[PDB]
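S.K.:
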Amino acid sequence: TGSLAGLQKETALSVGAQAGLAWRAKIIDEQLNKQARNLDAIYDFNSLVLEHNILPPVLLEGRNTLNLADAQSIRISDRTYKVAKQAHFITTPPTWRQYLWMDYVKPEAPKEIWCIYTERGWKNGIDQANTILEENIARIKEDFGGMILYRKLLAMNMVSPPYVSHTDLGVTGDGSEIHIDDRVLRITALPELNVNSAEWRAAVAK
Amino acid sequence: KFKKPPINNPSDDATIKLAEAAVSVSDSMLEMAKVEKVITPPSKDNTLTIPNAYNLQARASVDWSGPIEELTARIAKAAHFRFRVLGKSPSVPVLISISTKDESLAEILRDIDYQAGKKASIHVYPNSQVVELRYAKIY
Amino acid sequence: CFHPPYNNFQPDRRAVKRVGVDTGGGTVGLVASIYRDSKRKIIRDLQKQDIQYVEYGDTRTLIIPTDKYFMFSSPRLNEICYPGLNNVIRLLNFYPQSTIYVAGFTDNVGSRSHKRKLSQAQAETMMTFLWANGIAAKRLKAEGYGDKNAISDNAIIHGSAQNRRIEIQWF
Amino acid sequence: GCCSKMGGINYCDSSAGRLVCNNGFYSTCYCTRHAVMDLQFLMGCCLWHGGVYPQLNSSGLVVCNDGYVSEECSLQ
Amino acid sequence: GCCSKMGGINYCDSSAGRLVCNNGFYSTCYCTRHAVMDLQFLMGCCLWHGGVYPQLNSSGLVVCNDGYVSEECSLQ
Amino acid sequence: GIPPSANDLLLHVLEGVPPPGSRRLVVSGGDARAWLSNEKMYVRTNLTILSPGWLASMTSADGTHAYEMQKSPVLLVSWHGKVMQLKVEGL
Amino acid sequence: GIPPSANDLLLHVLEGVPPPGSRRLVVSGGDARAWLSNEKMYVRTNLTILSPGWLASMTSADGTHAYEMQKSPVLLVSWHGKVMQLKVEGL
Amino acid sequence: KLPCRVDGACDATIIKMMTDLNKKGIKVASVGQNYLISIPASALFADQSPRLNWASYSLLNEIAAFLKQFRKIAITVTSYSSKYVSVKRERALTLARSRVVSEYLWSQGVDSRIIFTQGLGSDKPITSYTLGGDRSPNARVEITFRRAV
Amino acid sequence: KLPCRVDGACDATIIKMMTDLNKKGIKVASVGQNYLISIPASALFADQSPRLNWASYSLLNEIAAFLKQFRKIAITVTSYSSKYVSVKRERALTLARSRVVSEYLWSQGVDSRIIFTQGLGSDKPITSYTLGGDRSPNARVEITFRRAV
Numbered sequence: 028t029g030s031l032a033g034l035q060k061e062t063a064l065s066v067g068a069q070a071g072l073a074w075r076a077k078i079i080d081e082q083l084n085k086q087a088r089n090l091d092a093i094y095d096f097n098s099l100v101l102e103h104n105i106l107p108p109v110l111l112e113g114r115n116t117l118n119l120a121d122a123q124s125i126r127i128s129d130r131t132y133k134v135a136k137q138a139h140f141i142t143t144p145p146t147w148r149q150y151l152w153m154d155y156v157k158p159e160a161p173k174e175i176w177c178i179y180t181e182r183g184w185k186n187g188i189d190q191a192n193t194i195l196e197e198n199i200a201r202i203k204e205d206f207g208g209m210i211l212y213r214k215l216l217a218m219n220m221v222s223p224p225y226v227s228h229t230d231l232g233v234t235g236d237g238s239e240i241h242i243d244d245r246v247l248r249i250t251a252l253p254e255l256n257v258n259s260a261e262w263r264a265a266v267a268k
Numbered sequence: 024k025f026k027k028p029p030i031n032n033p034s035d036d037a038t039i040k041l042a043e044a045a046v047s048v049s050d051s052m053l054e055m056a057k058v059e060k061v062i063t064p065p066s067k068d069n070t071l072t073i074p075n076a077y078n079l080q081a082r083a084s085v086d087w088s089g090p091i092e093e094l095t096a097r098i099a100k101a102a103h104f105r106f107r108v109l110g111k112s113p114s115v116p117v118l119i120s121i122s123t124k125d126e127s128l129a130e131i132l133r134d135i136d137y138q139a140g141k142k143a144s145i146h147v148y149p150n151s152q153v154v155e156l157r158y159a160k161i162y
Numbered sequence: 042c043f044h045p046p047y048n049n050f051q052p053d054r055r056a057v058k059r060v061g062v063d064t065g088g089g090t091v092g093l094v095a096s097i098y099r100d101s102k103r104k105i106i107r108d109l110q111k112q113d114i115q116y117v118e119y120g121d122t123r124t125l126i127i128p129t130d131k132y133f134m135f136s137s138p139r140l141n142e143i144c145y146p147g148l149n150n151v152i153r154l155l156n157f158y159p160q161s162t163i164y165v166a167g168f169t170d171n172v173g174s175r176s177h178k179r180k181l182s183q184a185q186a187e188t189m190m191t192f193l194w195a196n197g198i199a200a201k202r203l204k205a206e207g208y209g210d211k212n213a214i215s216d217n218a219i220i221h222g223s224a225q226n227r228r229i230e231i232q233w234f
Numbered sequence: 040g041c042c043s044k045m046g047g048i049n050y051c052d053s054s055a056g057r058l059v060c061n062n063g064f065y066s067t068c069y070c071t072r073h074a075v076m077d078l079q080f081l082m083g084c085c086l087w088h089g090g091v092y093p094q095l096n097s098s099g100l101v102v103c104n105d106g107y108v109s110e111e112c113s114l115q
Numbered sequence: 040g041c042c043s044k045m046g047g048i049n050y051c052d053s054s055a056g057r058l059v060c061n062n063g064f065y066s067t068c069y070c071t072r073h074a075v076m077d078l079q080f081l082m083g084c085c086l087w088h089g090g091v092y093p094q095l096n097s098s099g100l101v102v103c104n105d106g107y108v109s110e111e112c113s114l115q
Numbered sequence: 271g272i273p274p275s276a277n278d279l280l281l282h283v284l285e286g287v288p289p290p291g292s293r294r295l296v297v298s299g300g301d302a303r304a305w306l307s308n309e310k311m312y313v314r315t316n317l318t319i320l321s322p323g324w325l326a327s328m329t330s331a332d333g334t335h336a337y338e339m340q341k342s343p344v345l346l347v348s349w350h351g352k353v354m355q356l357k358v359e360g361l
Numbered sequence: 271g272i273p274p275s276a277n278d279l280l281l282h283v284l285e286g287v288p289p290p291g292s293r294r295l296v297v298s299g300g301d302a303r304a305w306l307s308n309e310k311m312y313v314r315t316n317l318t319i320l321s322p323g324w325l326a327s328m329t330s331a332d333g334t335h336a337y338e339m340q341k342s343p344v345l346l347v348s349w350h351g352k353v354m355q356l357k358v359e360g361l
Numbered sequence: 040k041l042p043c044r045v046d047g048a049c050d051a052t053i054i055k056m057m058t059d060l061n062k063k064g065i066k067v068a069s070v071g072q073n074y075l076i077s078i079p080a081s082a083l084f085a086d087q088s089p090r091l092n093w094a095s096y097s098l099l100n101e102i103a104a105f106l107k108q109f110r111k112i113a114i115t116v117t118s119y120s121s122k123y124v125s126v127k128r129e130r131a132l133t134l135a136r137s138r139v140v141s142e143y144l145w146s147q148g149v150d151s152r153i154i155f156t157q158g159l160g161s162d163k164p165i166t167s168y169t170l171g172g173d174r175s176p177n178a179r180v181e182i183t184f185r186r187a188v
Numbered sequence: 040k041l042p043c044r045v046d047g048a049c050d051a052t053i054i055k056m057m058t059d060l061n062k063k064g065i066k067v068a069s070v071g072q073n074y075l076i077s078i079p080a081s082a083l084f085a086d087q088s089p090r091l092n093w094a095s096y097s098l099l100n101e102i103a104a105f106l107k108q109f110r111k112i113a114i115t116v117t118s119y120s121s122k123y124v125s126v127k128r129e130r131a132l133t134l135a136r137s138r139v140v141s142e143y144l145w146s147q148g149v150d151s152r153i154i155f156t157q158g159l160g161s162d163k164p165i166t167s168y169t170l171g172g173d174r175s176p177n178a179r180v181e182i183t184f185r186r187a188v
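Protein chains in written order, with the entry's author numbering: chain AC, 28 to 35, 60 to 161, 173 to 268; chain AD, 24 to 162; chain AL, 42 to 65, 88 to 234; chain AN, 40 to 115; chain MN, 40 to 115; chain BH, 271 to 361; chain AH, 271 to 361; chain AK, 40 to 188; chain MK, 40 to 188.
Right, here's the structure in full:
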């Protein structure tokens, strides 16, 4: 090998990864708990809820789209809009702890070349935990941005609002059980994009 | 010796990633609020519904993350006003989140009234010294 | 002695305390006084705190970080970091004829009017602190720019931290 | 020592979940589990889901009760 | 020694993938893999194709994912 | 298709009597009781449940709440304007 | 027949969410992320891809590019007028 | 695994700082579950101005360290002074004094939800001997709260 | 297997050449991420002619070795002189000087993408003392850039 004149263990990585993942998860949980009020101020799901306690839908946007289907034919588009999730009734608003909180369980289940490979696994577990936290941040950012995009398109008159019908009943029931004021609420029209471009409203900001 | 002025404490990459997400959230909200303000210009202010008077100028710093009624009752009791509730409270509670520092009770009541939105309203009668919370005619 | 909140805006008698405590030598105290009252010692003290000094030609410039010399998101002056402000006054006392320009700069986060108002408020606060220590009002002018002409990149954390500053220029 | 530099513990008031010292001062110690604690850090995985689904697995995967897979408790 | 003749390493800024020294100067050392490196020489065969197709061969031939045969990795 | 009105077991939950055939759960960190009958929790407390979401709810005359919800080992509550957590064991 | 418009996974690639059922790839030498789902690479970046050729492409509002292409262990990119290479592992 | 007490709190420490504050001269009183801290204005401010002395921050740190030992929802800070020029000047002075005191208390880490501030001027005196200025016993700042559970 | 730093660069080396250039007399300044090198015209050129001396190539080699330490996109070279005969002759002189300096810098191996050259004549002086010729402090060549990432 080299020139002509020049020609003429694996368990340490596993235990280092399994320790470093939990250690980095605990430090990430502590850093998340240090900034609890700022996260509530930033990801305010409560004030985006509609009139009848309905969570707004999630919209996705794409710009300047090209597809090469095969030879001799291509398809291009200027903008595209998609409805990723649909509106529904809720009783509680979402919180950032369902998205960002990482899982910690303390592991109590345990020399010439041992230390370097233990160190390499120790860095690998930290990298894995950072990747998991990055994916969680991307997910919560996607959901919040979709709700903001729906609130913008409602003012821009491209989506339809949901429609709520309520039926009022009087004093119902038999002689063994009564209910005083029954009210049944049902949404009849889901939000949807419109294709009538002549009814859209533009916005010019001075 | 060569130095540059801002030398702070060492930072964490989790906080770096959270800040990078928060900047994009913030200017998305800025663009959407600008578009919303351009489309719908408001014409009325709640100064008429909530006016100020004497002993509404005592100040408060509040960090509250619960329902509206107990906080409004505490503000009224500190302002030495009677408290009145109109309408039926909904089964799903009306939640508010206030985090301010050293502002007047009239401004506190106005921010609570604005954050309540379409669910509840705040009225102040200074001649009778009454703070009133009314629930919406919905459900 | 010395009162920590700005010494009641009085000129401090720093030399007589040192030459009175270094006697039980007078020549040694005079040597120490003429060393510590020099301009280079003041510049190196401002180097020990986080204030940068740039001299080029006949124009001198001081760079002061708002993140340490102001309270957070306020035009209030941080009273803990008073030796840096006293050293700024001591350095500016050496030029009694020049004119002073003070400018405020922030980063890119926020609205345009918010950035302009915060920069203007910080510039007025620093100009008022300069005016209250003896400098006449006709030699002062304050201006607050937003993220107009930055010195670092706003897409990175340390570069965005370096952009929030107060600039003091004189001839 | 809960009621230190006082007369010692009188009794556990379970209505408030706190000890009462031999003076009229409430103690800082808890004596029931139904006391107001400022709990902000909880251990265990499949939190903010339905919890750990109790099946025994040939692999090291941990699945929550809502179908989610917990990568942190999963063995590599 | 990355921040030599300076005050030492402050922290790794992952937004730029660089170390920060104890002064206000950026360091020349990298601290993440997602840093701008001027990579011009990369090893491995079946480059500029789909990569090495993972079949095990009786002969010493190496085939790429697009049907090409790599004569450099192919044994004579 | 009229939806069902409620669950009448929440009246017994409001009164404090456990459902028949259920088992008890241990709640720590606050004043709350919980039972598990048909892979659902029934919670009796006077706090406000914030994060996990409930299916049905009733309220008594003196201000006690009764909830029907799915099982979870953690609850997020507001006490007096302050947000904290309750730990649920025995699931 | 009309050709298909696009692939709707590129919206999630633009937002940064990996497609379901995919596995991660390690990218070195620059700021990019890659995933492999159905023997195709999905790349989220803000650089300009020059040599290997992509099948579908979308762009976000802030200048982020998402590409659908075939698998390859190397990418050629233009950074700021300079041509360099990115290494892709885990294939 | 569960906590055994309120964190950073001790009854012996509470008794120790109560005794120390009563020996220094700051009046600490407890009736039922209500707690009162009474501070003379001369130990905090200058002669009838809303400017804190530099040496009063140690006393404010001691008051904050005493206040961190309890659990509470609302604190009230009320200021009283004496007659100097008119009523508007003394009401504005008392409001400014209460604002500065509560600003430093909120800057320190007390775990309360609401802090209310008011300045009553010279409407409610506690002593008929009104010959002094800021040295009078009825020129003071009062901090009231109720211990919760 | 991956590189650990940018090749051929060291922070100690950067500090060493900055200190050596500042002790020699060439002004090196850094504010934020912007870098400025100010060179007197007497150390490079002859008496008001666009002809380099033979001994200034060592200084130009030192400046090139300092410039190879960073990563950058654009360099700006600007020339300033004094009033000799007219304005056209001094703009032509400054443009020729900037052209020669940037030509030798581009001949050496700086890894930049664009180098801009301009000569401003005697429009922007930094010193009101204008008695000298090329010995004046306001006759200079300036090299400015921004460090990238």
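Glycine included, every Cβ here is placed at the ideal spot set by N, Cα and C.
Checking the sheet assignment: what are the DSSP bridge partners for AC:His241?
M.R.: Looking at the DSSP assignment, AC:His241 forms a beta bridge with AC:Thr234.
S.K.: Anything in the segment 142-172 of chain AK with a Cβ closer than 9 Å to a Cβ of chain BH? List those residues in chain order, please.
M.R.: Listed by position along the chain: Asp150, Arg152 and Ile153.
S.K.: Using three-state DSSP, classify residue 168 of chain AC as helix, strand or coil.
M.R.: The residue list of chain AC ends a segment at 161 and starts the next at 173, so residue 168 of chain AC has no coordinates to report.
S.K.: With a threshold of 8 Å between beta carbons, is AK:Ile112 in contact with chain BH?
M.R.: Judged by the 8 Å Cβ criterion, AK:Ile112 is in contact with chain BH.
S.K.: Give me the Cα-Cα distance between MK:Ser88 and MK:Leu132, rounded to the nearest whole angstrom.
M.R.: Taking the straight line from one Cα to the other gives about 7 Å.
S.K.: Need the endpoints of the alpha helix (DSSP H) that MK:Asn73 sits in, please.
M.R.: Element bounds for MK:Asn73: not the alpha helix (DSSP H) but the beta strand (DSSP E), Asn73 to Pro79.
S.K.: Return the first residue and the last residue of the beta strand (DSSP E) that MK:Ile54 is part of.
M.R.: Element bounds for MK:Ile54: not the beta strand (DSSP E) but the alpha helix (DSSP H), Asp50 to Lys63.
S.K.: Starting from AH:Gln340, trace the beta strand (DSSP E) in both directions and tell me its first and last residue.
M.R.: Looking at the DSSP string, the run of the beta strand (DSSP E) that includes AH:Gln340 is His335 to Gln340.
S.K.: If you count every other CB in all the chains shown that lies within 10 Å of the CB of AC:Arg75, and 16 or more means buried, which is it?
M.R.: So AC:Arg75 ends up on the buried side.
S.K.: Excluding the 5 residues preceding and the 5 following AC:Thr234 in the sequence, name in chain order all residues of the same chain whose CB lies nearer than 8 Å to its CB.
M.R.: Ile240, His241 and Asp244.
S.K.: Using beta-carbon positions only, say whether AH:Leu346 and AH:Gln355 come within less than 8 Å of one another.
M.R.: Cβ atoms of AH:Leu346 and AH:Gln355: closer than 8 Å.
S.K.: Could you tell me the distance, in whole angstroms, from the CA atom of AK:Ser77 to the CA atom of AK:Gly64?
M.R.: Approximately 9 Å, taken between the alpha carbons.
S.K.: Determine the DSSP secondary structure at BH:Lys352, reduced to helix, strand or coil.
M.R.: DSSP places BH:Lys352 in coil when its eight states are reduced to three.
S.K.: Within 10 Å of its beta-carbon, does AL:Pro52 have 16 or more other beta-carbons around it, so buried, or fewer, so exposed?
M.R.: That one is exposed.
S.K.: Between AN:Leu58, AN:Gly89 and AN:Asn61, which has its C-alpha nearest AN:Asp105's C-alpha?
M.R.: Of the candidates AN:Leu58, AN:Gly89 and AN:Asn61, the one whose C-alpha sits nearest the C-alpha of AN:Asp105 is AN:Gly89.
S.K.: Output, in chain order, the set of chain BH residues within a Cβ distance shorter than 9 Å of AN:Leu78.
M.R.: Going along chain BH in sequence order, the residues near AN:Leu78 (Cβ under 9 Å) are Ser298, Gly299, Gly300, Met354, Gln355, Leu356 and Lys357.
S.K.: Alpha carbon to alpha carbon, how far is AL:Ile114 from AK:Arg110?
M.R.: Their Cα atoms are separated by approximately 42 Å.
S.K.: Taking C-beta pairs closer than 9 Å, name the residues in chain AH that MK:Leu41 reaches, listed in chain order.
M.R.: In chain order: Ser298, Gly299 and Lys357.
S.K.: Relative to the alpha-carbon of AK:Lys163, which residue among AK:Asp173, AK:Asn177, AK:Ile153 and AK:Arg138 has its alpha-carbon at the smallest distance?
M.R.: For the residues AK:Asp173, AK:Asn177, AK:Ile153 and AK:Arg138, the minimum Cα distance to AK:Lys163 belongs to AK:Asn177.
S.K.: Taking the alpha helix (DSSP H) that AC:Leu151 belongs to, which residues open and close that run?
M.R.: From DSSP, the alpha helix (DSSP H) with AC:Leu151 extends over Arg148 to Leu151.
S.K.: Let me see if you follow: with CB-CB separation under 8 Å, is AD:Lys160 close to chain A or not?
M.R.: The question asks about chain A, but that chain is absent: this structure's protein chains are AC, AD, AL, AN, MN, BH, AH, AK and MK.
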